[PDB]
Amino acid sequence: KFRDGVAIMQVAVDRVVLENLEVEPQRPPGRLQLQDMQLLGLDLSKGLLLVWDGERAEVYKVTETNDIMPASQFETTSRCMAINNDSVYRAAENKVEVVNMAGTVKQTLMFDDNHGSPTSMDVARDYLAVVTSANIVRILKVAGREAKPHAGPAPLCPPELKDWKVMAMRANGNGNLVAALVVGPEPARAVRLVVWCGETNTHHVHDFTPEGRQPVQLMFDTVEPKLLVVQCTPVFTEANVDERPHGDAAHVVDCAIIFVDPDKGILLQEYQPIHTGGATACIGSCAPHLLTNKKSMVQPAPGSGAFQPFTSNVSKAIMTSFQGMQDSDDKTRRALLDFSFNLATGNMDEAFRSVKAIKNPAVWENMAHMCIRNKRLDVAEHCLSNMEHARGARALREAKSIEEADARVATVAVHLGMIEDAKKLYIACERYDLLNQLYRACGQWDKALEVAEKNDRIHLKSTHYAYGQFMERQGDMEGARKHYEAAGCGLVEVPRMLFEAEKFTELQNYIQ
Amino acid sequence: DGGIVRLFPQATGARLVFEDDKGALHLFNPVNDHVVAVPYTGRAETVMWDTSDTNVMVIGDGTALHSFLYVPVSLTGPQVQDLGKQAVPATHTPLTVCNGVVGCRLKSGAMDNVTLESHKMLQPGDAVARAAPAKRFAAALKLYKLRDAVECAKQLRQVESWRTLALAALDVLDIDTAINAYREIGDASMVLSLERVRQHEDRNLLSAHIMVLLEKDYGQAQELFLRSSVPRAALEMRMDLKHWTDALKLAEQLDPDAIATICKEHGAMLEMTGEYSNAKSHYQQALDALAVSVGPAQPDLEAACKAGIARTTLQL
Amino acid sequence: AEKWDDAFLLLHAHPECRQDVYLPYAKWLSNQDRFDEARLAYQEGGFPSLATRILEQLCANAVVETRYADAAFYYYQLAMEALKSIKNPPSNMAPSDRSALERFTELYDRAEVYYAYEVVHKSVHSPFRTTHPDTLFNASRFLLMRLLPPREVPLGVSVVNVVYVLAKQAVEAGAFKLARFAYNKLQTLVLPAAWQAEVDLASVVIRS
C-alpha cells in the first residue's frame, strides 16, 4: 500500500519495507523486522506503523529517514484493528474496540450481531470503514478529533455475492464507495468485485475471473477516487485461460485501470501492466503514474564495492490512456482524468459541460485534450491548437486522427506521422481495407503489392505501377519493367512497344 | 560594383565568374540573369573552369584551389558554395582542372595533376571511401555529391542516413532522396503528403500546401500563399488549424466574415473556456463582422454567434 | 452458373432491373483488376465509378509528356459516363436534367480543352491531332470563348496556335457576332522560352 505518502510494502514474513517516497537515495529506505508477526494487517500513519497478528500488536515509530522501531506494543483482544493515529479501532468480536496506544479501549463504536463482529477494520484516511462479519458496513468520519459515523450501516456485498466469499474492503476517500472483492464459493472460486457504493447503498458487480484476472490488491487512484486502479495478476478458475499466457508465465500482471461508476457498477478503462522492473503488484497510484512495487534490494555504490541505499522499491508505472497528462499541468489532471471517467463509465458533464457552464475566467493550458477517445477534438483545438500547446500535444496528435470517420476527418486524420489513428478508426468505422491501403503509407510499399491484392487487384496494379515507377525513379530499369508489368495497367505499356522505354519514353517529355 | 577587371567565361559564355574592380570574383549566370558573389575575394591568378562541372568552380590563385559549387535552384535562389579551399603548389600553375583534380604544368614543361581535399574523396579509386564508403556518404553530403551519399547510405544501410540525405536534398529541392528513404520505409503518412500536389508551378504555393499537410510553418506557408496563385489558401490553413496570427492578416484585407470567424472562435475559446466577458465582446463583434462581411450578412452564423452572446451575456 | 460470362446471358436482362442484372453480374468480375468491364457492368448496374484509376493515370501521363490528348478522350470517357451515369436525362433543361447535361458537359469540356490545346498548339510543337467534324463545324460557328486559361483546364497550357486558329475558325463560318469577337481575340501569344530571342519580336508576327 502507498499510504500517506509512504509507499510501505512487506516483502517478507517480518521485513516491512516502509519506504517513504521522499527518502534521499543516500538516505536509508524503509527497513523493519517484525517479531514473527502473523500479520493480519498493518496500519501506518506517517511514522506510527501498527502491525497486529491476533495475539499482540505493536506500533512502530518511523523517522523521516525511514528508521522504523516499535514505539509501543499491546495485546489484541481481537485479531484485526485500525488506528486513529493514537487510538486503534480494534475488530472486536461484538463492537469496535477503539483501543489506545497501549491497547486499552479509549472509545466504543458498536456493531450488533445483525452486523456481526466488526472483523474488517479500515480508516479510509478520513473515514473509519467497518465491514462486519455479515459485511454490514457503517463508516466513521474522523475529520474532527475522533470517530463519528458517516456512511450508515449497510451490507458491503449483495446476497447474490455474499454467498460469494467476501475478503476485504477498499473504502474510497469519502468513506462510502467501498470496493470489495467477492471470490466465488468452494465450487466456483471466481473473483467478482462488489464496490459497495455507500452513496446509494448499492452493490456493484465485476466478475474479474472471466474478465481477465483475479486481482490481488485493490485501491482507488489517489487523485480521482472513482478511478479504481485494480491491481490484477492473472489467476483464474478452470474456465478462464483466455487472458493468461502459456503455462508458468500465466501472469501478465496488468492493472485493471477502472473508473468505477457509482451507479452502473464497475466500468473498465484499460489493462495497464505492472511489469515495470520485475513488478507484479501495484502498491499505489500517484498522479502521473501508478506506484507499483519492485524488487527489494540494496543498490551497489557506483564505481565502488560499497552499497548505496535504495532510492525507492516503488516503480511508478506510467498510465497509458492518459496521454499528454504527465508532462503537462494539473488542469490536465482534472480535465482528462475526468474525461477518462467519461471513458470507462461514460459521461459528458465533467471534461466539457462542467467547465463551460460555470463562468470560469481563465485560459487553461489543457482545458481537455485526450477527449478524442470519446470523439471530440475541438477541446484540444481551441485550448491547444490556437497555439498548438506541446504538453498535451501527444493526445492532440492522436486527436486529429481519432476523429476519423471519412467525413473530411480522414484528410485531417492523415497529415503527418498520424495516419495510424486514422487506421485505428478505419478498423472502428468498419473500413479496414483503408487500414490496409493506408498502412501501406507507413513505409510498407514493398509488400504493399500483395496487401494491395488483398485490397483490390486494381489496388494491386496501382501499387505495382507506383512501385515500378518507384525503382524507375531510383534508377532501376528491369525491376521497373517487372512491377510495371506486374501492374495490370502498368502492363499495357511495357510489352507493347519494346519493353525498354518507361525510363526513355519519360526522357522525351522534357524535349517536348 | 565597379569595372569588370577580368572576364572568365566558359566555352559559351552562358555563365562566367568575372572579377570586379576590387578583385573579388563573382559568378554570373546571364541565362536567367543572376549574379552570385564568390566567397573567394581578392586577386586570383585565374578562374579556370571545372571540365567536370560548369557550376563547381575552382579558383586557383597560386595559393589555393578554391572550388565553388554553384546551386542555382533552391527554396531561395542561386548560391555559390565553396567545396574546398585546397592549396596548390606555386610551380604547379593551374593549366586546367578535371574531376576536382587540377592538371597543372611542371617548370621544365610537362603535365602534373593536383587533387583537392574532398573532391577526390568522392571520386572512385579512393578506397578509403570505397572499402569503407561511409566516408563517401559523409563527404558527398558535404560537397552535395549526395547521390554518392545516397548509394553509400544504401550500403551503410540505415534509415536515418537516408533521412539525413533526404532532408539535405529537400533543402536544395531534391526529392528522390526522400523517396528512397520514406517509400522504402517512412514514418506514417508522408506519401499522402506527396499525393496532395497540384499541377501549379510556382514552388511557393506548392511548398506552402506541402507544409499545410505537414501542419507546420504556417506563417511561411501563408506568406508563400500571399505570393501564390491563391492568397486565400493562407486564410484556409488559418481556419483549418485555428490560427489568428494570419487569419486576421487576411481577414482585415479580404474578409470581414473571416474577422467574424476569428471573433466567433475567440468567443468560443472564451465561452467553454469561460471569461464570457471577452467572449461576449468577441461574439458581439462576430455578429457585427458577419453583418459587415464582404460576403453575405450571414444569418445562421450570426445566430450561432447570438447563441454565444446569449451564454456570454448570461455569464456576464 | 458460377460464371460471370454465363451471367451475361440474362445478367443483362430487363431494364429498370438492369441494376439488378448487372450488379449481381458485377460482383463476379469487378474486384479483380477488371474494373474496366465492371465499368460497363456499373454503367447500368449502379453507376460507372471504379473507372478513374486507369483514366487519371494516363491523364497524368499525358499531362507529363505534353501529349494532352489521352486525357482528352479520357475526360470524353468521363463525359460518356456522366452522360449515361445520369438517371435524369440531359436533353431538356429542367434543373436536375440540365445538371445531368452539365456534369458530362463539364467532363467533355475538360476533353475539349485538352483537344484544342494539344491539337492546335502541338501543330508545330509535336504533332498530335484529333477532331470531331460536327463539333468542329459548330466550333466554326461557336468556339471562341472556351479558350480562357482558368476554366476547368489542366493548366500550364500554351495556346498560341490555338488562339490564332480558333479565332480564324470563329471568324469564318458565320455567327457574325463571333467573327467580330474573334477579331478582337485574334492572336497575341508567344512561343516558349527556347524561342524567346526571336518571338520577342515575332509574338504578333508569327501567328497574326
# chains A, B, ... in the order shown; residues from 1 in each chain; ligands from 1

$ residues_around --residues "region 111-118 of chain C" --least-positions-apart "4" --cutoff "6 Å" --atoms "only C-alpha atoms" --output "MDAnalysis selection string"
chainID C and resid 68:69 72 75:76 122 159

$ write_last_selection --atoms "C-alpha atoms" --output "short mmCIF file (atom, residue, chain, number, x, y, z; two decimals), in the first residue's frame"
data_model
loop_
_atom_site.label_atom_id
_atom_site.label_comp_id
_atom_site.auth_asym_id
_atom_site.auth_seq_id
_atom_site.Cartn_x
_atom_site.Cartn_y
_atom_site.Cartn_z
CA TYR C 68 -2.59 16.33 -73.82
CA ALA C 69 -4.92 14.07 -75.83
CA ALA C 72 -8.86 14.44 -73.81
CA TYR C 75 -12.42 13.17 -69.98
CA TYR C 76 -14.56 12.36 -73.01
CA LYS C 122 1.08 20.96 -80.89
CA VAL C 159 -2.48 28.22 -76.79
#

$ select_by_dssp --residues "region 159-268 of chain B" --states "alpha helix (DSSP H)" --output "PyMOL selection string"
chain B and resi 159-171+176-182+191-194+204-213+218-226+232-240+247-253+256-268

$ interface_residues --of "chain C" --to "chain B" --cutoff "9 Å" --atoms "only C-alpha atoms" --output "tab-separated table (two decimals) with C-alpha atoms, in the first residue's frame"
chain	number	residue	atom	x	y	z
C	154	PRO	CA	-5.25	21.15	-66.86
C	155	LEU	CA	-3.31	24.49	-66.69
C	156	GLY	CA	0.26	25.01	-67.83

$ interface_residues --of "chain C" --to "chain A" --cutoff "10 Å" --atoms "only C-alpha atoms" --output "list in words"
residues 30, 31, 32, 33, 34, 35, 36, 50, 51, 53, 54, 57, 58, 61, 62, 63, 64, 65, 66, 67, 122, 125 and 126 of chain C

$ write_last_selection --atoms "C-alpha atoms" --output "PDB file, in the first residue's frame"
ATOM      1  CA  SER C  30     -15.467  -6.360 -60.631  1.00  0.00           C
ATOM      2  CA  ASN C  31     -12.904  -6.570 -57.838  1.00  0.00           C
ATOM      3  CA  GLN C  32     -10.137  -8.442 -59.665  1.00  0.00           C
ATOM      4  CA  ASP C  33      -8.413  -5.679 -61.698  1.00  0.00           C
ATOM      5  CA  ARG C  34     -11.322  -5.947 -64.156  1.00  0.00           C
ATOM      6  CA  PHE C  35     -12.935  -2.688 -63.097  1.00  0.00           C
ATOM      7  CA  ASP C  36     -12.910  -1.966 -66.858  1.00  0.00           C
ATOM      8  CA  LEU C  50     -14.415   2.314 -60.413  1.00  0.00           C
ATOM      9  CA  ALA C  51     -13.112   3.653 -63.699  1.00  0.00           C
ATOM     10  CA  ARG C  53      -7.590   4.725 -61.782  1.00  0.00           C
ATOM     11  CA  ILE C  54      -6.521   3.883 -65.345  1.00  0.00           C
ATOM     12  CA  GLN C  57      -3.221   7.523 -64.501  1.00  0.00           C
ATOM     13  CA  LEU C  58      -2.988   8.034 -68.240  1.00  0.00           C
ATOM     14  CA  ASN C  61       0.862  10.519 -68.019  1.00  0.00           C
ATOM     15  CA  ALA C  62      -0.376  12.569 -70.995  1.00  0.00           C
ATOM     16  CA  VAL C  63      -0.013  15.768 -68.959  1.00  0.00           C
ATOM     17  CA  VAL C  64       3.605  14.816 -68.167  1.00  0.00           C
ATOM     18  CA  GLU C  65       4.549  14.082 -71.781  1.00  0.00           C
ATOM     19  CA  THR C  66       2.795  17.266 -73.033  1.00  0.00           C
ATOM     20  CA  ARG C  67       0.671  14.988 -75.221  1.00  0.00           C
ATOM     21  CA  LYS C 122       1.077  20.961 -80.891  1.00  0.00           C
ATOM     22  CA  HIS C 125       5.487  21.722 -81.057  1.00  0.00           C
ATOM     23  CA  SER C 126       4.862  17.977 -81.503  1.00  0.00           C
TER      24      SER C 126
END

$ residues_around --residues "region 216-233 of chain B" --least-positions-apart "2" --cutoff "9 Å" --atoms "only C-alpha atoms" --output "count of residues only"
23

$ atom_distance --atom1 "CA of residue 152 (chain C)" --atom2 "CA of residue 82 (chain C)"
16.1 Å

$ decode --residues "region 130-159 of chain B" --atoms "N, CA, C and O atoms" --output "PDB file, in the first residue's frame"
ATOM      1  N   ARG B 130      35.655   3.774 -50.527  1.00  0.00           N
ATOM      2  CA  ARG B 130      35.090   2.689 -51.321  1.00  0.00           C
ATOM      3  C   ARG B 130      35.062   1.364 -50.580  1.00  0.00           C
ATOM      4  O   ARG B 130      34.080   0.626 -50.688  1.00  0.00           O
ATOM      5  N   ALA B 131      36.125   1.027 -49.848  1.00  0.00           N
ATOM      6  CA  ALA B 131      36.060  -0.115 -48.946  1.00  0.00           C
ATOM      7  C   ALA B 131      35.279   0.222 -47.684  1.00  0.00           C
ATOM      8  O   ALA B 131      34.631  -0.657 -47.105  1.00  0.00           O
ATOM      9  N   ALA B 132      35.325   1.481 -47.254  1.00  0.00           N
ATOM     10  CA  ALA B 132      34.510   1.984 -46.150  1.00  0.00           C
ATOM     11  C   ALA B 132      33.776   3.214 -46.661  1.00  0.00           C
ATOM     12  O   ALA B 132      34.143   4.354 -46.344  1.00  0.00           O
ATOM     13  N   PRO B 133      32.719   3.021 -47.451  1.00  0.00           N
ATOM     14  CA  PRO B 133      32.087   4.141 -48.154  1.00  0.00           C
ATOM     15  C   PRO B 133      31.246   5.056 -47.281  1.00  0.00           C
ATOM     16  O   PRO B 133      30.611   5.970 -47.816  1.00  0.00           O
ATOM     17  N   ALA B 134      31.221   4.848 -45.961  1.00  0.00           N
ATOM     18  CA  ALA B 134      30.548   5.791 -45.076  1.00  0.00           C
ATOM     19  C   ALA B 134      31.200   7.164 -45.129  1.00  0.00           C
ATOM     20  O   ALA B 134      30.516   8.184 -44.982  1.00  0.00           O
ATOM     21  N   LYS B 135      32.514   7.205 -45.344  1.00  0.00           N
ATOM     22  CA  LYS B 135      33.189   8.477 -45.553  1.00  0.00           C
ATOM     23  C   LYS B 135      32.768   9.121 -46.865  1.00  0.00           C
ATOM     24  O   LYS B 135      32.691  10.350 -46.948  1.00  0.00           O
ATOM     25  N   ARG B 136      32.498   8.317 -47.896  1.00  0.00           N
ATOM     26  CA  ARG B 136      31.936   8.878 -49.118  1.00  0.00           C
ATOM     27  C   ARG B 136      30.535   9.420 -48.876  1.00  0.00           C
ATOM     28  O   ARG B 136      30.175  10.466 -49.421  1.00  0.00           O
ATOM     29  N   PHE B 137      29.741   8.732 -48.048  1.00  0.00           N
ATOM     30  CA  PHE B 137      28.436   9.258 -47.654  1.00  0.00           C
ATOM     31  C   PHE B 137      28.577  10.613 -46.981  1.00  0.00           C
ATOM     32  O   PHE B 137      27.896  11.578 -47.348  1.00  0.00           O
ATOM     33  N   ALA B 138      29.495  10.708 -46.017  1.00  0.00           N
ATOM     34  CA  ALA B 138      29.693  11.956 -45.291  1.00  0.00           C
ATOM     35  C   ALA B 138      30.169  13.069 -46.218  1.00  0.00           C
ATOM     36  O   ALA B 138      29.540  14.127 -46.296  1.00  0.00           O
ATOM     37  N   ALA B 139      31.241  12.825 -46.973  1.00  0.00           N
ATOM     38  CA  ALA B 139      31.835  13.871 -47.795  1.00  0.00           C
ATOM     39  C   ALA B 139      31.000  14.210 -49.025  1.00  0.00           C
ATOM     40  O   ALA B 139      31.146  15.311 -49.566  1.00  0.00           O
ATOM     41  N   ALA B 140      30.129  13.304 -49.473  1.00  0.00           N
ATOM     42  CA  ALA B 140      29.182  13.624 -50.527  1.00  0.00           C
ATOM     43  C   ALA B 140      27.972  14.356 -49.985  1.00  0.00           C
ATOM     44  O   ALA B 140      27.314  15.088 -50.733  1.00  0.00           O
ATOM     45  N   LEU B 141      27.663  14.166 -48.703  1.00  0.00           N
ATOM     46  CA  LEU B 141      26.747  15.067 -48.030  1.00  0.00           C
ATOM     47  C   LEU B 141      27.391  16.426 -47.788  1.00  0.00           C
ATOM     48  O   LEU B 141      26.675  17.423 -47.648  1.00  0.00           O
ATOM     49  N   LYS B 142      28.726  16.488 -47.752  1.00  0.00           N
ATOM     50  CA  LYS B 142      29.418  17.768 -47.637  1.00  0.00           C
ATOM     51  C   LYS B 142      29.435  18.507 -48.968  1.00  0.00           C
ATOM     52  O   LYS B 142      28.989  19.656 -49.056  1.00  0.00           O
ATOM     53  N   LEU B 143      29.944  17.860 -50.014  1.00  0.00           N
ATOM     54  CA  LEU B 143      30.136  18.504 -51.303  1.00  0.00           C
ATOM     55  C   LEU B 143      28.881  18.506 -52.160  1.00  0.00           C
ATOM     56  O   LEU B 143      28.946  18.928 -53.320  1.00  0.00           O
ATOM     57  N   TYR B 144      27.752  18.049 -51.610  1.00  0.00           N
ATOM     58  CA  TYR B 144      26.493  17.892 -52.341  1.00  0.00           C
ATOM     59  C   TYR B 144      26.676  17.011 -53.571  1.00  0.00           C
ATOM     60  O   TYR B 144      26.109  17.260 -54.637  1.00  0.00           O
ATOM     61  N   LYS B 145      27.481  15.965 -53.410  1.00  0.00           N
ATOM     62  CA  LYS B 145      27.564  14.850 -54.347  1.00  0.00           C
ATOM     63  C   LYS B 145      26.689  13.713 -53.858  1.00  0.00           C
ATOM     64  O   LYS B 145      27.024  12.534 -53.985  1.00  0.00           O
ATOM     65  N   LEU B 146      25.533  14.091 -53.305  1.00  0.00           N
ATOM     66  CA  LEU B 146      24.725  13.271 -52.415  1.00  0.00           C
ATOM     67  C   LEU B 146      24.236  11.976 -53.046  1.00  0.00           C
ATOM     68  O   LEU B 146      23.813  11.083 -52.310  1.00  0.00           O
ATOM     69  N   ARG B 147      24.259  11.850 -54.372  1.00  0.00           N
ATOM     70  CA  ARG B 147      23.988  10.546 -54.964  1.00  0.00           C
ATOM     71  C   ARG B 147      25.063   9.536 -54.589  1.00  0.00           C
ATOM     72  O   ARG B 147      24.755   8.354 -54.390  1.00  0.00           O
ATOM     73  N   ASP B 148      26.319   9.979 -54.477  1.00  0.00           N
ATOM     74  CA  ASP B 148      27.319   9.156 -53.806  1.00  0.00           C
ATOM     75  C   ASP B 148      26.918   8.905 -52.364  1.00  0.00           C
ATOM     76  O   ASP B 148      27.011   7.776 -51.880  1.00  0.00           O
ATOM     77  N   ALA B 149      26.433   9.938 -51.671  1.00  0.00           N
ATOM     78  CA  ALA B 149      25.927   9.736 -50.319  1.00  0.00           C
ATOM     79  C   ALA B 149      24.668   8.880 -50.312  1.00  0.00           C
ATOM     80  O   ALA B 149      24.452   8.130 -49.360  1.00  0.00           O
ATOM     81  N   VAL B 150      23.843   8.957 -51.363  1.00  0.00           N
ATOM     82  CA  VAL B 150      22.658   8.100 -51.444  1.00  0.00           C
ATOM     83  C   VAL B 150      23.071   6.638 -51.523  1.00  0.00           C
ATOM     84  O   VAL B 150      22.636   5.811 -50.715  1.00  0.00           O
ATOM     85  N   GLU B 151      23.958   6.316 -52.469  1.00  0.00           N
ATOM     86  CA  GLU B 151      24.448   4.949 -52.629  1.00  0.00           C
ATOM     87  C   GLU B 151      25.196   4.484 -51.390  1.00  0.00           C
ATOM     88  O   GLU B 151      25.099   3.318 -50.979  1.00  0.00           O
ATOM     89  N   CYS B 152      25.938   5.388 -50.771  1.00  0.00           N
ATOM     90  CA  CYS B 152      26.714   4.996 -49.618  1.00  0.00           C
ATOM     91  C   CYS B 152      25.846   4.804 -48.393  1.00  0.00           C
ATOM     92  O   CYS B 152      26.154   3.946 -47.574  1.00  0.00           O
ATOM     93  N   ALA B 153      24.748   5.544 -48.265  1.00  0.00           N
ATOM     94  CA  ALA B 153      23.782   5.248 -47.220  1.00  0.00           C
ATOM     95  C   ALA B 153      22.965   4.007 -47.531  1.00  0.00           C
ATOM     96  O   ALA B 153      22.408   3.404 -46.606  1.00  0.00           O
ATOM     97  N   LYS B 154      22.858   3.630 -48.807  1.00  0.00           N
ATOM     98  CA  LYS B 154      22.334   2.306 -49.130  1.00  0.00           C
ATOM     99  C   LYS B 154      23.250   1.224 -48.571  1.00  0.00           C
ATOM    100  O   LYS B 154      22.787   0.270 -47.936  1.00  0.00           O
ATOM    101  N   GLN B 155      24.563   1.359 -48.794  1.00  0.00           N
ATOM    102  CA  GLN B 155      25.458   0.284 -48.361  1.00  0.00           C
ATOM    103  C   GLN B 155      25.716   0.309 -46.854  1.00  0.00           C
ATOM    104  O   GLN B 155      25.844  -0.754 -46.236  1.00  0.00           O
ATOM    105  N   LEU B 156      25.802   1.491 -46.234  1.00  0.00           N
ATOM    106  CA  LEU B 156      25.963   1.537 -44.785  1.00  0.00           C
ATOM    107  C   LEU B 156      24.642   1.297 -44.074  1.00  0.00           C
ATOM    108  O   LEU B 156      24.644   1.021 -42.869  1.00  0.00           O
ATOM    109  N   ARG B 157      23.528   1.394 -44.805  1.00  0.00           N
ATOM    110  CA  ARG B 157      22.294   0.660 -44.525  1.00  0.00           C
ATOM    111  C   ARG B 157      21.699   1.016 -43.156  1.00  0.00           C
ATOM    112  O   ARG B 157      21.749   0.251 -42.190  1.00  0.00           O
ATOM    113  N   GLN B 158      21.194   2.245 -43.077  1.00  0.00           N
ATOM    114  CA  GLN B 158      20.160   2.551 -42.099  1.00  0.00           C
ATOM    115  C   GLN B 158      19.253   3.651 -42.624  1.00  0.00           C
ATOM    116  O   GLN B 158      19.592   4.390 -43.553  1.00  0.00           O
ATOM    117  N   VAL B 159      18.076   3.734 -42.000  1.00  0.00           N
ATOM    118  CA  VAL B 159      17.031   4.653 -42.428  1.00  0.00           C
ATOM    119  C   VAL B 159      17.428   6.094 -42.147  1.00  0.00           C
ATOM    120  O   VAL B 159      17.118   6.992 -42.937  1.00  0.00           O
TER     121      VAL B 159
END
